[PDB]
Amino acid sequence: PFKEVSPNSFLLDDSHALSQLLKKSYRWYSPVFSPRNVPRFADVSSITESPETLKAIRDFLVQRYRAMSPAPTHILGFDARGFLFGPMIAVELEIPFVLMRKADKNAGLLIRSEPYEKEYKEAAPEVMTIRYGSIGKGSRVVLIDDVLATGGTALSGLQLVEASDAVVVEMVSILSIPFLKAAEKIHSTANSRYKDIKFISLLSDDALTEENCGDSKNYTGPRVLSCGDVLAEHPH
């Protein structure tokens, strides 16, 4: 079951088989071995490449929503890591999977989000969109992405669902980074207007240790190799 770690922010109890499997499967990488400048970049591939882990996530969330009342009407996944988990859940629940993407990636008449201004050195906010009418009045939307870090896109999701005259069921993530206080900030911003938004995570990055480090030890070459270079390494 989900335990309330802070107001309206829940974490799957670590005794659960899914929590255990995630802790076992996850691999994180330091800057020199990752695409982002964060201490530990939790690779979604370590999850999607693990058949047992992917199935465990699918089974758990599907059961969750089938048991939920009133049931969700839509799953809204974030480009692109949310696309990895949303469709496999939506296909079972037999509900639409909507895509939240930047305007230059989405088709049709779109609705764009209104991110807050950045905070000195703090990365630039992304304007995200959904096609106008993809979610209608009365819709109960489940928001999904792999990692809840700063929560910028999570906020875009909330804005888009509200503007659509719909309600957010909950913001779900495979992994949360509690240190970044995304849930805390979203729950207090603009006079606690999103105080009632529920956040659920399957694993906290605090559960990840050095055993989860995917960095190549004692490696001194480049991070990226060309196919030609790799081809030369074996008889072909």
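Counting begins at 1, following the sequence as shown.
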item: Which of 205-213 and 40-48 has higher mean CA B factor, as the PDB entry lists it; value: 205-213
item: Stretch exceeding the other in mean C-alpha B-factor - 93-101, 115-123; value: 115-123
item: 82, 152, 136, 108, ranked by C-alpha B-factor: the highest one; value: 136
item: Deposited CA B-factor, highest of 57, 171, 67, 186; value: 67
item: Residue 180 - which third its CA temperature factor falls in, relative to the rest of the chain; value: highest
item: Chain-relative CA temperature factor third for residue 71; value: highest
item: Entry-reported Cα temperature factor of residue 62, expressed as the chain third it lands in; value: middle
item: Ranked against its chain, the third holding the CA B-factor of residue 194; value: highest
item: For residue 33, the third of its chain into which the C-alpha B factor falls; value: highest
